[PDB]
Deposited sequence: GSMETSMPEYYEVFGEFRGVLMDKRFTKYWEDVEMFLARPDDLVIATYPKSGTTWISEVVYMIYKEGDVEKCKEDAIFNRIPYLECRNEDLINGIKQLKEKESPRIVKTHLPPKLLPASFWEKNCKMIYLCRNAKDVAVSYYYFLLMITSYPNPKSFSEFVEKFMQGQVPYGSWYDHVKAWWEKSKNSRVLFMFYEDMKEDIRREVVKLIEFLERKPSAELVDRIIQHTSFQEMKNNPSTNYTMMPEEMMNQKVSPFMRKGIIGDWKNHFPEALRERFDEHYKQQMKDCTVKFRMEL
């Protein structure tokens, strides 16, 4: 059941398994040099995670082991916090939490953070398939039904709108880098150099080019460490939908009927009205 699996937690619909032991996330102890990589689900977290990991590093363990998913928790089988506690510094932390739910210690230690977003319509499409692929998540009755929920913020991790706005505001901090999926798509070289500098490293052709080559869609698909094939089918059924699905901009055009798009875009307007964030023109 949808609401048997998901429950509102502090104003944010969440996977009850991630909030059962919330005290572990709340009291999580951050380290000065921890780097937080935050995104709303399906905005390209895997992509920027690999880029950042490559920068740090100047049969490879799954990305979910290399970069622990902070709040991910499934009783005693899966525990991101446990992984992070045993991870040697500098730790790279992945999260989908809105600023209000992120462990306060990260803000307190003034940790560098990288927030990545993607245009809402394309997020909704990728998110829709994500729900299909996750065996324990009830499959939406249809894309439209799912979009209605997406607009209401009635999906895991809540409102995409509140998520982006809050993080955008947090990005006022020079230690919180705000990025766009579409910018990495339309101008990767620049975004990579930007990241390398934000992380205080010397950008060289060798480094930038190795990263660009290694992080292309085709390359990350085909990479077992990043395509999530190292993750049990009983959990993530990629037969339903692969993780590295399309990796393009504008897939919403193949899913949003005319009516829904106009309704979605109108709603978007109302939501992001007073938000100065600059998404790339399509």
Subject >> Regions of the deposited sequence not represented in the model >> reply: 1-8, 67-72, 297
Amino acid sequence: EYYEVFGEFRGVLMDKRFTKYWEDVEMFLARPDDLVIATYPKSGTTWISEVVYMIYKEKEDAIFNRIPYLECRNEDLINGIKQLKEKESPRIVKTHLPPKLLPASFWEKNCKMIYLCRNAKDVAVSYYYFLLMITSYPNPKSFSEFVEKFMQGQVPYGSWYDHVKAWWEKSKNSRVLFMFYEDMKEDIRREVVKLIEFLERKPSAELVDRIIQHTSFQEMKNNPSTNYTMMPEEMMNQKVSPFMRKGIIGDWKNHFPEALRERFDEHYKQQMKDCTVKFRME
From here on, numbers count along this sequence of modelled residues.
Original post:
Should the higher mean CA B-factor in the entry be assigned to 108-116 or to 134-142?
Top reply: 134-142
Original post:
Given the B-factors recorded for C-alpha atoms, which segment has the greater mean, 198-206 or 99-107?
Top reply: 198-206
Original post:
When the CA B-factors of 174, 126, 154, 79 are compared as recorded in the entry, which is the largest?
Top reply: 174
**OP:** Using the temperature factors in the entry, find which of 229, 49, 65, 43 has the highest value at its Cα atom.
**Re:** 229
**OP:** Report the third (lowest, middle or highest) to which the CA temperature factor of residue 23 belongs, ranking only the modelled residues of the same chain.
**Re:** middle
Original post:
residue 245's Cα B-factor: lowest, middle or highest third of the chain?
Top reply: lowest
Subject >> Assigned third (lowest, middle, highest) for the C-alpha B factor of residue 149 >> reply: middle
Original post:
Lowest, middle or highest third of the chain for the C-alpha temperature factor of residue 86?
Top reply: highest
Original post:
Which third of the chain does residue 192 land in by C-alpha B-factor: lowest, middle or highest?
Top reply: middle
